[PDB]
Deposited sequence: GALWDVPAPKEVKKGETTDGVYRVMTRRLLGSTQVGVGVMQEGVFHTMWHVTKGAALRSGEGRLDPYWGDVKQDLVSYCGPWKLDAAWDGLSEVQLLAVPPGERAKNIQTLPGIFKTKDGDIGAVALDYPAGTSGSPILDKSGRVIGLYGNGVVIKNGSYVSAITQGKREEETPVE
């Protein structure tokens, strides 16, 4: 239940299917990573609480807690947790997805699929969204943030 970034694993052997963020007792990941399945954490079980396919997000144990947003000007850091490698920070200036409903920050970083759900951070260390729902032009990920 400790705050932090976590690998999401499945089991013959084990494979990393994604990543997520524990904050304020709630686990946050992308819907496409877990498809809303319950998760084991040690001897305990985490059940889904809120989710939305269109936003590609899901929270476990409580409502979505992450609310910071990219300021539109500053570099950010992808806290990537790739399969089989230690967590690492990659700094970048986001581009932009321009949509009919407004602009969304986007990172032009292409990491292994099992990295989906990794958090993107502002300079204060706040999570401004999760990595792994995007488009191909190279892959570009939206900075996907939910609503608190």
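Novice: Mind pulling out the bits of the deposited sequence that never got modelled, as residue ranges from 1?
Specialist: No coordinates exist for the deposited residues in 1-16, 28-29, 156-158, 170-176, so these stretches are absent from the model.
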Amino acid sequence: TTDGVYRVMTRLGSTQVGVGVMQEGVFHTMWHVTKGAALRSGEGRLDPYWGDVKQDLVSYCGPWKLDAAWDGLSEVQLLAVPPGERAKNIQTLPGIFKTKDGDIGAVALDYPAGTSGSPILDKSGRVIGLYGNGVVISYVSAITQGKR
From here on, numbers count along this sequence of modelled residues.
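Novice: Please check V21 against the other PDB entries of this protein that were compared: is it missing in at least a third of those that model both its neighbours?
Specialist: Modelled in all the others, so no.
Novice: Relative to the other PDB entries of this protein in the set, is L12 coordinate-less in at least a third?
Specialist: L12: unmodelled in a third or more of the comparison entries.
Novice: Which has the higher mean CA temperature factor in the PDB entry, 40-48 or 89-97?
Specialist: Per the deposited B-factors, the answer is 40-48.
Novice: Would you determine, from the values in the PDB entry, which of 109-117 and 66-74 has the greater average C-alpha temperature factor?
Specialist: Here the higher of the two C-alpha B-factor means belongs to 66-74.
Novice: Out of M22, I137, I128, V17, which residue has the highest Cα temperature factor in the PDB record?
Specialist: The listed residue with the largest C-alpha B-factor is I137.
Novice: Could you tell me which third, lowest, middle or highest, the C-alpha B-factor of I104 occupies within its chain?
Specialist: Answer is highest: the recorded C-alpha B-factor places it there.
Novice: Rank-wise, by C-alpha B-factor, drop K123 into the lowest, middle or highest third of its chain.
Specialist: For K123, whose C-alpha B-factor we compare with every modelled residue in the chain, the answer is the highest third.
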